[PDB]
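Below you'll find the structure, written out as structure tokens, and then a few comments.
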Amino acid sequence: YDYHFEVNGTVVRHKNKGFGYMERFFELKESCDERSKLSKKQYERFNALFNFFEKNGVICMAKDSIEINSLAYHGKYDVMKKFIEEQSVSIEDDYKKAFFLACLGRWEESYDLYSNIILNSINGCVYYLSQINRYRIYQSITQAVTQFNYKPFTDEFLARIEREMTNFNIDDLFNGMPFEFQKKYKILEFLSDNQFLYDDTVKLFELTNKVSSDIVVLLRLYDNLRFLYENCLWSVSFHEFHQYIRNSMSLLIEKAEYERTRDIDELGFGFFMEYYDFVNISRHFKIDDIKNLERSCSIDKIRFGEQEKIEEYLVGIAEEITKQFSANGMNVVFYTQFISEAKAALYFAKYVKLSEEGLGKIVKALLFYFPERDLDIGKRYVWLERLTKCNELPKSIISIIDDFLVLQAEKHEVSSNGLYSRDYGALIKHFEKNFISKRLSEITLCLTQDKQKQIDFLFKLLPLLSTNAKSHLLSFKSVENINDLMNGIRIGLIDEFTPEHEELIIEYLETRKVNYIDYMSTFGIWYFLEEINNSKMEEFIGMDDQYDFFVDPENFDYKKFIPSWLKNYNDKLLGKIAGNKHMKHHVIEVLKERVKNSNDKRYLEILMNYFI
Amino acid sequence: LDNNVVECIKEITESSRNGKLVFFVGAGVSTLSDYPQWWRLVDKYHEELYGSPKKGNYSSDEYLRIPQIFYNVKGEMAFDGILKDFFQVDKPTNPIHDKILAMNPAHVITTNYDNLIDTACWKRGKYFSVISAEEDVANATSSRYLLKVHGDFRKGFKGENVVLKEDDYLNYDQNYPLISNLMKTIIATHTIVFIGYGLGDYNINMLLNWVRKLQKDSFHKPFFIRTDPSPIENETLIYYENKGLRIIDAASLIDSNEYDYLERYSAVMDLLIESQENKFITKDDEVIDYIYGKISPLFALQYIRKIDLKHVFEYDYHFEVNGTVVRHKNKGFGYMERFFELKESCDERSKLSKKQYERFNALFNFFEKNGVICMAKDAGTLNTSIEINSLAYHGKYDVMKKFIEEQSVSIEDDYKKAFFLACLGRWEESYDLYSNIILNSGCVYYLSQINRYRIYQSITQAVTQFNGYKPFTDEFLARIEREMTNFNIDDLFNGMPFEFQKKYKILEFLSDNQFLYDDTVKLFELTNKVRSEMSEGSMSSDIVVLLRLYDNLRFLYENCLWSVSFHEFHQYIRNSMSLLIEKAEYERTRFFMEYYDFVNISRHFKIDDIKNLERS
């Protein structure tokens, strides 16, 4: 505590009452003559000290860019495998090898290498750090076994490490080292502690003040990341560090959004995201955390820099996804940690502009080689649609989606979201607007009445077929009764109501009218939407409030209106109701009354975009 | 097992936990690795000088005399050559070496001149300062020793480096003064377990001869692991226990063949190792004794955070903020479940001893005042009722002044008065009172140093604001500076008796901001979760935040800790209350502020924070 060493690289005298040796050192650093006056051995010692202080980002005193050198941090899995394959020349090479094995999911080999280094390492700093990391990898192996209860570790190995690590105390490790080590390496004692990021987490509270701190927080986060990755420490993978990164980045982005909002309020017209920030968010955030960030702050207003580096990182993520799942691959220990980072990276790639080739690689990996368990068809479509935000759909991505749809047809869908293969075709039709699928047409030409599952699958994908394919597909389905007509309209059998469909709807409505003493609401919606021009629906008025609310609002009694109707309405229906020039003030007043009664988010959203 | 055997195991495992266990390893453990025994060397020497093996059996004197006669007659070179050809061998490490190491001995003293213990330590990754010569004592690289009291062959396979012949034993005190002194000091300051010895060994009886010269009950009786095939006789056991030995007989514990030495060693070693996690709690009064031993030091503190109770019991249980206990890592007998069963039903509490009945009464009062209710499976409807018994919390400035003016009955009153002086701004008087409390005192002794350092920090920061009004004289500032620069708060907990560091482990967090770490992390996580649930429109997360807030406030104010004035603590309180108020605002349109919420908002919020809360 003689001096303060700040995150920006400046030194400040703090507590030493003796000579200013750091100020003196900087003075020799500035001027070569004073440096030349040193003795030869002291001159070379000063050269070593200057190299150290340059490497560690210590420049000068107060009166006078992040760069992490780690293959593990940058996700260079192939280069890490190459480094592991080669023969280690030193024990520091073995330490780096054991860290790389830990990061590649090969925890048994990592534990064996750490044990070997501990054997062959008795400064004793690599010995101490291997003891730290072997305990950490032993903790990782122990917790992975509990999660899996697949047998990725043999029971012999588990029993052997349990016997080796029984009664082992990491709290005694530093105190068991020679006192020379304990004096020289007092700064490494925190690595044996259960927690080491409490100071930073408590200091994060300054990002919540509403009355620089943010740059200090970011630089300290970069310092922690560089120390834990460049020194090959396995604590960089545990929940404490990931939680610390999540908290720091989330609070920084929320603080920047708060300053942006306050300035907009007070001035009426902040956070800069770069490659390292993108990698930190991808590796440490879950999808829920990114969703919290998106809902809390406008990430679309955050400028993304170093987009070439981010694109290269995303392409590497896609390539590793392919290598993990195109071939046998499937290191379950590595896959468990890697799939979360890949999901977060592809999810966050919505805000990053991507080149055509890189976008092609990423989209291909996402559509085909991403496991269904981690990303179902609905989540996969959500990721793709997010990818279509910054960059519109080119021809190559449309072709990749076409191949995905062809593969789906050949296979023929469990979707937690509720979006299926039809939405990919809708997305294609959104941009190309005239895309016809050659192979889908070919498989329609081979379709028969036997394979009903194919028919009921790609009847939803009808706009991507040709005229002959559409005509052939239409033959296998009948529209005899009203139920068949409703199944067709929900599946897309007909897009323009024929007069016989109108007669069928009339028959259904008359039959229900006779039996007076779900479908009717849809009929009223279609009548309002000009979908049906029968001009006869007025006789079915009186039963359902929605029916007369939709067929003719002029005579509708708005005391029978339920505000919950608007929640079920879609974008097109709400926009049409807004522009009707009738019914408008009634929905305005009912929505105003609803929101004044209770600040409901969906109702305000409806009232705000289309003004209904 | 016998009761005395279980007691011996208890003390050995406790010393191993405390880091005060030392293993004195004999030739039996090396023989378990098939290391060449000394009688083979005596056999070779006898074949050398005399020309034929001995007809009968070697007496105790002969084992030392024959090598001595060989050394005198045939010289040093032949002696060293036979030593080299017999002892330059590679032998593995038996599981007993690993079992000894797994007990985490502070030091290992051995009469073995082999490197088997060194090989085992190097294989297990245990670093010991190996002392086998006189010059090694001063040049020891660590405070944990592998004390080879009879030397070894690390320098070379010569008789000068080891204690083998009778002249080496005759001149041992003269030739090994530092090593013998270190061995005696390690014996006098540690719990000693003898393994690999025959109860008639020369070293064992020499150590007992030294022991007889010590003052009565001024030393701890060493433990002796006897691994002879036949069980020890009653008379021999009585004699050697009156000589100052606590003997654990392997032959009495288990049944094994005459030559199954490895199994006999392993029985005792495994029973010692497998009892490290054991707590030896079977009957109900053993439950009350253990919980009382864990909780009684906490009686000095007014309140204990429930999140801190998992550290008191070494993560055996989860102590949630709602008052419910959850098994976390208790693989043994459930003492918390048994304690709550005793609490609910008076029948089992009635069948308790008088001392243990009073201990249960104290434990029940402590858990009642601390809000610990029962286990999770028993938990019913629980309310968030908080009370803070502090005059400083409620802003009772006049009552605080009256208490300050009153004469102090005890050091606890002095501590509370110093905290009240700090809360009333009279920082110089509070600092002097804290110094007086430190002088007159160790829970209060440790807490006054933290508070004195915290009040010194507050004094320093306020002086900077005014200069960057003279509340403190320059003489006072100079004196407190002189007293405080040498003081470092990071090593205050380690600069405590080892009893304090174990009884009051939860007080270690008060030195740094590790005290607020778990609550801060939980607050961030629950803020994200609550905001997500609020945005999507869907025990309670708000109740967890409120209960943790109240726990922190009660612990910091009732224990009279100056951390209540910390900027970080104020930020924590402000963030928690802001989240609670946001949730209450959302809960309304589908939680109400009491007096404590009003006081927390007034004390810990800024006007801008309140303005933002009203805006949102």
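Residues in the structure tokens are numbered from 1 in each chain, the chains being A, B, ... in the order shown, and ligands are numbered from 1 in the order shown.
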Exercise. As a list in words, which residues of stretch 309-495 of chain B does DSSP assign to strand (DSSP E or B)?
Worked result: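 Across stretch 309-495 of chain B, those assigned strand (DSSP E or B) are residues 317, 318, 319, 324, 325, 326, 327, 374 and 375 of chain B.
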Dump as CSV the rows for residues of chain A within 9 Å of chain B: closest atom pair and distance in Å with one decimal, only C-alpha atoms counted, ordered by chain and rising residue number.
residue,atom,partner,partner_atom,distance
A:15,CA,B:485,CA,8.3
A:115,CA,B:125,CA,8.1
A:118,CA,B:125,CA,6.2
A:119,CA,B:123,CA,6.3
A:122,CA,B:122,CA,7.9
A:127,CA,B:125,CA,8.9
A:131,CA,B:125,CA,8.0
A:164,CA,B:124,CA,7.3
A:165,CA,B:102,CA,8.8
A:166,CA,B:102,CA,7.0
A:167,CA,B:102,CA,6.1
A:168,CA,B:102,CA,7.4
A:169,CA,B:104,CA,8.7
A:173,CA,B:126,CA,8.8
A:175,CA,B:143,CA,8.9
A:176,CA,B:127,CA,6.8
A:177,CA,B:142,CA,6.7
A:178,CA,B:142,CA,4.5
A:179,CA,B:142,CA,5.9
A:180,CA,B:141,CA,7.6
A:195,CA,B:514,CA,8.7
A:197,CA,B:517,CA,8.6
A:198,CA,B:517,CA,5.3
A:199,CA,B:513,CA,6.2
A:201,CA,B:517,CA,6.9
A:202,CA,B:517,CA,6.4
A:203,CA,B:568,CA,7.6
A:205,CA,B:571,CA,6.4
A:206,CA,B:571,CA,8.0
A:208,CA,B:575,CA,7.7
A:209,CA,B:609,CA,8.0
A:210,CA,B:609,CA,6.3
A:211,CA,B:608,CA,5.7
A:243,CA,B:521,CA,8.3
A:244,CA,B:521,CA,8.5
A:247,CA,B:524,CA,7.1
A:289,CA,B:528,CA,8.2
A:291,CA,B:532,CA,8.8
A:292,CA,B:532,CA,6.4
A:295,CA,B:535,CA,8.1
A:296,CA,B:531,CA,8.5
A:597,CA,B:589,CA,8.3
A:598,CA,B:589,CA,5.6
A:599,CA,B:589,CA,7.0
A:600,CA,B:537,CA,8.4
A:601,CA,B:535,CA,8.0
Serialized selection, N, CA and C atoms, as a compact mmCIF listing (two decimals), in the first residue's frame:
# COMPACT_ATOMS: atom_id res chain seq x y z
N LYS A 15 0.88 5.54 1.01
CA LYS A 15 1.19 5.39 2.43
C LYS A 15 2.67 5.36 2.77
N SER A 115 -1.73 -32.84 -11.75
CA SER A 115 -1.02 -33.70 -10.82
C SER A 115 0.44 -33.89 -11.24
N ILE A 118 2.32 -30.76 -10.43
CA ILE A 118 2.57 -30.69 -9.00
C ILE A 118 3.73 -31.60 -8.61
N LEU A 119 3.79 -32.79 -9.21
CA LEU A 119 4.91 -33.69 -8.96
C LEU A 119 6.23 -33.08 -9.41
N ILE A 122 8.34 -29.23 -7.69
CA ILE A 122 8.99 -29.04 -6.40
C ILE A 122 10.35 -29.73 -6.40
N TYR A 127 3.67 -24.46 -9.12
CA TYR A 127 3.24 -25.51 -8.20
C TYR A 127 2.01 -25.09 -7.42
N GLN A 131 -1.92 -26.56 -7.87
CA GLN A 131 -2.70 -27.04 -6.73
C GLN A 131 -4.04 -26.33 -6.66
N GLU A 164 -7.67 -39.17 -3.63
CA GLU A 164 -6.57 -38.22 -3.69
C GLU A 164 -6.93 -36.90 -3.02
N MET A 165 -8.15 -36.42 -3.24
CA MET A 165 -8.57 -35.11 -2.76
C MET A 165 -9.35 -35.18 -1.45
N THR A 166 -9.36 -36.32 -0.78
CA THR A 166 -10.04 -36.41 0.51
C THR A 166 -9.28 -35.61 1.56
N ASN A 167 -10.02 -34.88 2.38
CA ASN A 167 -9.49 -34.05 3.46
C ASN A 167 -8.55 -32.96 2.96
N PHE A 168 -8.45 -32.76 1.64
CA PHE A 168 -7.59 -31.73 1.09
C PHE A 168 -8.18 -30.36 1.37
N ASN A 169 -7.37 -29.47 1.94
CA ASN A 169 -7.81 -28.14 2.34
C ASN A 169 -7.07 -27.11 1.49
N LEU A 173 -3.36 -24.29 1.85
CA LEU A 173 -2.36 -24.43 0.79
C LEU A 173 -1.34 -23.30 0.83
N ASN A 175 -0.61 -21.21 3.31
CA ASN A 175 0.15 -21.25 4.55
C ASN A 175 1.13 -22.41 4.59
N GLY A 176 0.90 -23.46 3.80
CA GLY A 176 1.86 -24.55 3.72
C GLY A 176 3.05 -24.30 2.83
N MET A 177 3.02 -23.24 2.03
CA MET A 177 4.12 -22.90 1.15
C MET A 177 5.28 -22.31 1.94
N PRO A 178 6.49 -22.34 1.37
CA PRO A 178 7.63 -21.70 2.04
C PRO A 178 7.39 -20.21 2.25
N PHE A 179 7.92 -19.70 3.37
CA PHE A 179 7.69 -18.30 3.71
C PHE A 179 8.28 -17.34 2.68
N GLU A 180 9.29 -17.78 1.92
CA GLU A 180 9.76 -16.98 0.80
C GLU A 180 8.66 -16.82 -0.24
N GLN A 195 -14.28 -17.13 -2.08
CA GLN A 195 -14.73 -16.02 -2.91
C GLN A 195 -13.61 -15.00 -3.03
N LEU A 197 -14.28 -12.05 -5.49
CA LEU A 197 -14.83 -10.92 -6.22
C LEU A 197 -15.83 -10.11 -5.39
N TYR A 198 -15.72 -10.15 -4.06
CA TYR A 198 -16.68 -9.43 -3.24
C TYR A 198 -16.44 -7.92 -3.29
N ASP A 199 -15.18 -7.50 -3.37
CA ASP A 199 -14.88 -6.08 -3.44
C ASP A 199 -15.46 -5.46 -4.70
N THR A 201 -17.94 -6.69 -6.57
CA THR A 201 -19.40 -6.75 -6.54
C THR A 201 -19.98 -5.65 -5.67
N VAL A 202 -19.35 -5.36 -4.53
CA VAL A 202 -19.83 -4.27 -3.68
C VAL A 202 -19.58 -2.92 -4.34
N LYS A 203 -18.44 -2.77 -5.02
CA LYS A 203 -18.15 -1.54 -5.75
C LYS A 203 -19.10 -1.32 -6.92
N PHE A 205 -22.13 -1.13 -6.74
CA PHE A 205 -23.24 -0.30 -6.28
C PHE A 205 -23.15 1.14 -6.78
N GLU A 206 -21.96 1.61 -7.15
CA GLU A 206 -21.82 2.97 -7.66
C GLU A 206 -22.45 3.14 -9.03
N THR A 208 -25.45 2.18 -9.61
CA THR A 208 -26.87 2.34 -9.34
C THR A 208 -27.21 3.72 -8.80
N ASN A 209 -26.21 4.59 -8.62
CA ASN A 209 -26.46 5.93 -8.12
C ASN A 209 -27.18 6.76 -9.17
N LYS A 210 -28.17 7.54 -8.73
CA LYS A 210 -28.92 8.45 -9.59
C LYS A 210 -28.88 9.83 -8.94
N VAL A 211 -27.83 10.59 -9.24
CA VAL A 211 -27.67 11.93 -8.68
C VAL A 211 -27.09 12.87 -9.73
N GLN A 243 -21.25 -14.81 -12.68
CA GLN A 243 -22.21 -13.93 -12.04
C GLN A 243 -21.65 -12.52 -11.89
N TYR A 244 -20.36 -12.41 -11.55
CA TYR A 244 -19.73 -11.10 -11.46
C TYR A 244 -19.73 -10.38 -12.80
N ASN A 247 -23.35 -9.28 -13.58
CA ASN A 247 -23.75 -8.12 -12.79
C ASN A 247 -23.08 -6.85 -13.28
N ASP A 289 -30.71 -13.66 -19.10
CA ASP A 289 -30.00 -12.44 -18.74
C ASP A 289 -29.98 -11.45 -19.90
N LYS A 291 -32.19 -11.32 -22.23
CA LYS A 291 -33.57 -10.84 -22.37
C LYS A 291 -33.88 -9.76 -21.34
N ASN A 292 -33.38 -9.92 -20.12
CA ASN A 292 -33.53 -8.87 -19.11
C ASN A 292 -32.83 -7.59 -19.56
N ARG A 295 -35.06 -6.02 -22.37
CA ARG A 295 -36.28 -5.40 -21.88
C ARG A 295 -35.99 -4.16 -21.05
N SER A 296 -34.90 -4.18 -20.27
CA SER A 296 -34.59 -3.06 -19.40
C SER A 296 -34.01 -1.88 -20.18
N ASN A 597 -57.62 2.76 -15.02
CA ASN A 597 -57.94 1.84 -13.93
C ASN A 597 -56.70 1.05 -13.50
N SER A 598 -55.90 0.59 -14.46
CA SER A 598 -54.69 -0.16 -14.15
C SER A 598 -53.70 0.00 -15.28
N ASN A 599 -52.44 0.26 -14.93
CA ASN A 599 -51.37 0.45 -15.91
C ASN A 599 -50.98 -0.91 -16.47
N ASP A 600 -51.70 -1.34 -17.50
CA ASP A 600 -51.46 -2.63 -18.14
C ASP A 600 -50.56 -2.42 -19.36
N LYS A 601 -49.53 -3.26 -19.48
CA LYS A 601 -48.53 -3.05 -20.52
C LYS A 601 -49.07 -3.38 -21.90
Problem set entry | helix (DSSP H, G or I) call set, DSSP backbone run, stretch 194-268 of chain A, as number ranges by chain | A: 198-208, 213-230, 234-237, 239-267
For this session: Could you give me, as a PyMOL selection string, the residues within 6 Å of stretch 370-386 of chain A, counting only C-alpha atoms and dropping anything in the same chain fewer than 3 positions from it?
Result: chain A and resi 347+350+366+389+415+417+419-420
For the residues in that selection, give me C-alpha atoms as a PDB file, in the first residue's frame.
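Just written: selection-v5.pdb:
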ATOM      1  CA  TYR A 347     -28.804 -14.480 -29.843  1.00  0.00           C
ATOM      2  CA  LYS A 350     -28.912  -9.607 -33.838  1.00  0.00           C
ATOM      3  CA  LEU A 366     -27.952 -22.384 -36.601  1.00  0.00           C
ATOM      4  CA  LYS A 389     -32.651  -7.456 -38.260  1.00  0.00           C
ATOM      5  CA  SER A 415     -41.854 -26.159 -30.478  1.00  0.00           C
ATOM      6  CA  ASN A 417     -42.449 -21.180 -28.504  1.00  0.00           C
ATOM      7  CA  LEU A 419     -43.575 -21.336 -34.139  1.00  0.00           C
ATOM      8  CA  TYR A 420     -43.094 -24.060 -36.750  1.00  0.00           C
TER       9      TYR A 420
END
Problem set entry | Gap from atom CA of residue A:84 to atom CA of residue A:109 - Å, one decimal |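 Between these atoms lies a distance of 10.5 Å.
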Compile the contact shell of stretch 440-453 of chain A as a CSV table (one decimal) with N, CA, C and O atoms, in the first residue's frame: residues with an atom at most 7 Å away, counting only C-alpha atoms, same-chain residues fewer than 4 positions apart removed.
chain,number,residue,atom,x,y,z
A,406,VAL,N,-36.7,-27.9,-47.1
A,406,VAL,CA,-36.7,-29.2,-47.8
A,406,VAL,C,-36.4,-30.4,-46.9
A,406,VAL,O,-37.0,-31.4,-47.0
A,412,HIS,N,-40.7,-35.0,-42.6
A,412,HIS,CA,-42.1,-35.3,-42.4
A,412,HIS,C,-42.6,-36.2,-43.5
A,412,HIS,O,-42.8,-37.4,-43.3
A,457,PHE,N,-48.2,-31.4,-43.6
A,457,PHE,CA,-47.0,-30.5,-43.2
A,457,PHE,C,-46.9,-29.4,-44.2
A,457,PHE,O,-47.0,-28.2,-43.9
A,465,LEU,N,-44.6,-23.1,-53.2
A,465,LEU,CA,-44.8,-24.0,-54.3
A,465,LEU,C,-45.1,-23.3,-55.7
A,465,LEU,O,-45.3,-22.1,-55.7
A,466,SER,N,-45.1,-24.1,-56.7
A,466,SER,CA,-45.5,-23.6,-58.0
A,466,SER,C,-47.0,-23.8,-58.3
A,466,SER,O,-47.7,-24.3,-57.4
A,469,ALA,N,-47.7,-27.6,-58.6
A,469,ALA,CA,-47.6,-28.2,-57.3
A,469,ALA,C,-48.8,-27.8,-56.4
A,469,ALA,O,-49.3,-28.6,-55.6
A,473,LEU,N,-51.5,-30.4,-54.8
A,473,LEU,CA,-51.7,-30.4,-53.4
A,473,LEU,C,-53.1,-30.2,-53.0
A,473,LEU,O,-53.6,-30.8,-52.1
A,476,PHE,N,-55.8,-33.3,-52.6
A,476,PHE,CA,-55.8,-34.3,-51.5
A,476,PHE,C,-56.7,-33.8,-50.3
A,476,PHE,O,-56.9,-34.6,-49.4
Exercise. What lies within 9 Å of stretch 516-527 of chain A using only C-alpha atoms, ignoring chain neighbours under 6 positions off, as a list in words?
Worked result: residues 486, 505, 509, 533, 534, 535, 537, 543, 544, 545, 546, 547, 548, 549, 550, 551, 552 and 573 of chain A
For this session: Show which residues sit within 12 Å of residue A:148, as a ChimeraX atom specification. Count only C-alpha atoms, and ignore same-chain residues fewer than 4 positions away.
Result: /A:141-144,152-153,332-333,336
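Residues with any atom within 9 Å of stretch 198-201 of chain B, counting only C-alpha atoms and excluding same-chain neighbours fewer than 6 positions away, are residues 26, 28, 224, 226, 227, 228 and 240 of chain B.
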Residues just named, written with N, CA, C and O atoms as a PDB file, in the first residue's frame:
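What landed in again_32.pdb:
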ATOM      1  N   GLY B  26       7.424 -44.728  12.872  1.00  0.00           N
ATOM      2  CA  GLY B  26       8.494 -45.654  13.161  1.00  0.00           C
ATOM      3  C   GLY B  26       8.809 -46.580  12.005  1.00  0.00           C
ATOM      4  O   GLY B  26       8.386 -46.367  10.864  1.00  0.00           O
ATOM      5  N   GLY B  28       7.816 -49.586  11.457  1.00  0.00           N
ATOM      6  CA  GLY B  28       6.752 -50.453  10.977  1.00  0.00           C
ATOM      7  C   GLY B  28       6.153 -49.979   9.666  1.00  0.00           C
ATOM      8  O   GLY B  28       5.858 -50.785   8.779  1.00  0.00           O
ATOM      9  N   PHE B 224      -0.554 -43.567  21.172  1.00  0.00           N
ATOM     10  CA  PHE B 224       0.256 -44.670  20.673  1.00  0.00           C
ATOM     11  C   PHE B 224      -0.641 -45.633  19.910  1.00  0.00           C
ATOM     12  O   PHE B 224      -1.600 -46.171  20.472  1.00  0.00           O
ATOM     13  N   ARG B 226      -0.829 -49.113  18.552  1.00  0.00           N
ATOM     14  CA  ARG B 226      -0.193 -50.408  18.739  1.00  0.00           C
ATOM     15  C   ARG B 226      -0.746 -51.378  17.703  1.00  0.00           C
ATOM     16  O   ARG B 226      -1.952 -51.641  17.677  1.00  0.00           O
ATOM     17  N   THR B 227       0.135 -51.903  16.851  1.00  0.00           N
ATOM     18  CA  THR B 227      -0.258 -52.796  15.769  1.00  0.00           C
ATOM     19  C   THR B 227       0.363 -54.180  15.928  1.00  0.00           C
ATOM     20  O   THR B 227       0.651 -54.857  14.941  1.00  0.00           O
ATOM     21  N   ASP B 228       0.581 -54.608  17.168  1.00  0.00           N
ATOM     22  CA  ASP B 228       1.053 -55.960  17.405  1.00  0.00           C
ATOM     23  C   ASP B 228      -0.070 -56.958  17.126  1.00  0.00           C
ATOM     24  O   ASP B 228      -1.251 -56.618  17.224  1.00  0.00           O
ATOM     25  N   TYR B 240       1.918 -48.454  30.811  1.00  0.00           N
ATOM     26  CA  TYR B 240       2.290 -47.467  29.807  1.00  0.00           C
ATOM     27  C   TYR B 240       1.351 -46.270  29.774  1.00  0.00           C
ATOM     28  O   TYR B 240       1.768 -45.191  29.343  1.00  0.00           O
TER      29      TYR B 240
END
Exercise. Mind pulling up the distance from atom CA of residue A:104 to atom CA of residue A:321?
Worked result: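 Computed distance, atom CA of residue A:321 to atom CA of residue A:104, equals 13.4 Å.
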Problem set entry | Distance of atom CA of residue B:12 from atom CA of residue B:267, expressed in Å to one decimal place | 15.2 Å
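Closest to residue B:551 among B:319, B:415, B:539, B:303 is B:303, based on only C-alpha atoms.
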Exercise. Taking only C-alpha atoms into account, which of A:88, A:568, A:609, A:250 comes nearest residue A:299?
Worked result: A:250
